[PDB]
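Read in order, the letters of the sequence shown correspond to residues 14 to 160, 171 to 209 in the UniProt record's numbering.
One structure is given below, encoded as structure tokens.
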Amino acid sequence: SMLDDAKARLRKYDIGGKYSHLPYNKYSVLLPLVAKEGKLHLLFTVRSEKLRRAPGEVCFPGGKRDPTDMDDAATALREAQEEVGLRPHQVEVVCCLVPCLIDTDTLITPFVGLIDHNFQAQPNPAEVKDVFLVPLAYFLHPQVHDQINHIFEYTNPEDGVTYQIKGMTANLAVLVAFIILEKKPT
Ligand SMILES: COc1ccc(-c2ccccc2N2CCCC2=O)cc1
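This is how it looks when you write it as structure tokens:
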């Protein structure tokens, strides 16, 4: 099926816990995959202004590891719950993609999660200003703007609202789209 096929593709790129023990300042992000209307979508947040890191920006759910977390996947799930109300029975973590090195002392670990069809986001306004979906296929033919550095613009056909997706977030979106959608019969 569609979801079984996504999982089987994603498992081929799982690095596991290989880089998880190194002595960095550690953050995790959840890349949440949602099936709607026969197709896969990624869920994004718009971060609240009040926040420490990346205020006002489009980002995946995520944040800083704390002493309660059993492992880096636990950080990603804890933070997704706090930001959009995603509960643990509502997500299956399928793999750990290549981590992102930043600022010489920081490592950000991305996890891909399949989201239950009955989940509905409850934006926590202390953390998140907005939550939106983008079809995964968009990232194969995005609308690109140069600010030189590349920025995607996505307009939601439901309401005409435009979002700007850039940086690590845009890079990880393209990666997931390639893994799942490359070389597919129609
Ligand atoms: C919601 O999850 C987050 C958000 C931000 C970060 C983060 C941490 C340290 C240095 C840079 C970081 N990023 C990554 C994108 C832009 C930005 O500021 C990690 C996890």
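We treat Cβ as the ideally placed atom computed from N, Cα and C, and that holds for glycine.
Nearest candidate by alpha-carbon position, reference residue i, set the options
i	options	result
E140	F73, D27, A21, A19	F73
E105	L46, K31, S41, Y32	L46
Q156	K189, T122, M15, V71	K189
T122	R22, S14, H34	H34
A21	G126, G30, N38	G126
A150	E205, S14, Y186	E205
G98	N172, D116, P138	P138
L114	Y40, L16, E96	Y40
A19	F145, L55, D84	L55
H173	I28, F152, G183, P80	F152
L110	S14, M15, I28	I28
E181	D84, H154, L198, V147	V147
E95	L53, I203, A134	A134
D85	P101, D116, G30	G30
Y26	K207, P80, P208, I203	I203
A48	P80, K77, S14, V184	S14
Beta-bridge partners of residue i, as assigned by DSSP
i	result
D159	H173
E105	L127
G75	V42
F57	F145
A48	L53
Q187	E176
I121	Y40, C113
Under 7 Å between C-beta atoms of residue i and residue j
i	j	result
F132	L43	no
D129	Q103	yes
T119	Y32	no
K142	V71	no
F57	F201	no
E62	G69	yes
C108	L16	no
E176	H154	no
- Hey, is the region 194-201 in contact with the region 87-100, meaning 3+ C-beta pairs nearer than 8 Å? Using a C-beta cut-off of 8 Å, the region 194-201 makes no contact with the region 87-100, since fewer than three inter-stretch Cβ pairs fall below that distance.
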